[PDB]
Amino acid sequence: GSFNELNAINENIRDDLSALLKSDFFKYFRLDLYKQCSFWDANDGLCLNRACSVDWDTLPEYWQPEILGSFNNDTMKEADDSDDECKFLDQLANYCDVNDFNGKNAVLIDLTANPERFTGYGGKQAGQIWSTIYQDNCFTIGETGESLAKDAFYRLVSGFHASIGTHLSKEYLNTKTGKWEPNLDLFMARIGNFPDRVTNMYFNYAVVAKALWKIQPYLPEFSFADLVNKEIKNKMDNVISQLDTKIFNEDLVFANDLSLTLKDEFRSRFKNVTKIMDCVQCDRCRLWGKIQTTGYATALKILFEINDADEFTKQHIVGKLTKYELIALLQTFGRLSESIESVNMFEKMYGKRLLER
């Protein structure tokens, strides 16, 4: 039912969204190569005894997890204090220091050259990080909406977890031919045989779509004279304008039910998630983890704040988002759009699977 509608919406915007995310404005993401993990050392501390790999001795050295999850340094660019990602959307048409972008070794990564895919990352470390995230699902008891908050937090994490599982299944490395291709059996093992994980990805899709729909009317211009950035903002509006659905009438994140205390806690909770991404040993995994956790935190900030705000406050909320956050939000939407498409694609592979049996 709900899948049918969100799926139809996705069919319409899938290619335009993908095109938009490849643009110069959206293709880069600021990442601090410096990692500050509390649970352990992620700066120089390596992961031994395959504590960070999924269940490689018989495969070439260039297909080891450490390589599959490594960055492509050739596309990366230097990130200075003048980097627009640190600026408020209001400023587009110091800054990095003001908005707390205090990275010791920040760089701009080319997301087109560093896609989310199977990297072989996993084992005990990946398991510990996921468990820690699900376990930190705690809110002040007695607060109005405590159970709703715990349910929403869980669903967002689960949909995030599922989107990653879907991507590593869709873009899997065949160790025989050495080509990246869909792996149906893995998809079934990570997503297909667990219906609720698919539901949670649709939930996340609706949450992010709603945040984008809500801010669209208040997005400031990207530039006045620059034709390139001008057309970019136009293409963004064209995508968002097609997201309208009555599903948005639903209070997906219980914005109307959660107390102000729970909202801050909820927001603070996702901040901790973004932070534990620094413990992820796999570079590409950490990058996309940072992108998506930030995207979800941004969707939450938007939905919680725009809910009961007057028009003057709406333009303020949207205008103070940083380019960094907007990139995170749209790239996260792009991963969810791709995840739903992958589910559709796999359903067809499944069909032609049982037919060949």
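The first residue of the sequence shown is number 1, and the count goes up from there.
Enquirer: Select one of none, 1 to 3, 4 to 9, or 10 or more to describe the deposited residues without coordinates separating residue 41 and residue 42.
Expert: Missing residues, residue 41 to residue 42: none.
Enquirer: If you count the residues of the deposited sequence that sit between residue 247 and residue 248 but have no coordinates, do you get none, 1 to 3, 4 to 9, or 10 or more?
Expert: Gap size class: none, per the record.
Enquirer: On mean C-alpha B-factor from the PDB entry, just flag whether 236 to 244 or 70 to 78 is the higher one.
Expert: That would be 70 to 78.
Enquirer: I need to verify one thing: averaged over C-alpha atoms only, is the B-factor higher for 108 to 116 or for 201 to 209?
Expert: For C-alpha atoms only, the mean B-factor is higher in 108 to 116.
Enquirer: Per the entry, which of 218, 95, 121, 153 tops the list for Cα B factor?
Expert: Spelled out: the listed residue with the top C-alpha B-factor is 95.
Enquirer: Looking at 129, 228, 149, 162, which has the highest Cα B-factor in the entry?
Expert: Spelled out: the listed residue with the top C-alpha B-factor is 228.
Enquirer: Give the position of residue 30 by CA B-factor within its chain, expressed as the lowest, middle or highest third.
Expert: CA B-factor rank for residue 30: middle third.
Enquirer: Split the chain's modelled residues into thirds by Cα B-factor; is residue 157 in the lowest, middle or highest one?
Expert: Lowest third - that is where residue 157 ends up once the chain's C-alpha B-factors are sorted.
Enquirer: Going by the entry, which third of its chain does the Cα temperature factor of residue 253 land in?
Expert: For residue 253, the deposited C-alpha B-factor lands in the middle third.
Enquirer: For the chain shown, is the CA B-factor of residue 296 in the lowest, middle or highest third of its modelled residues?
Expert: Tercile = lowest for this residue's CA B-factor.
Enquirer: Ranking the modelled residues of this chain by C-alpha B-factor as given in the entry, is residue 185 in the lowest, middle or highest third?
Expert: Middle third.
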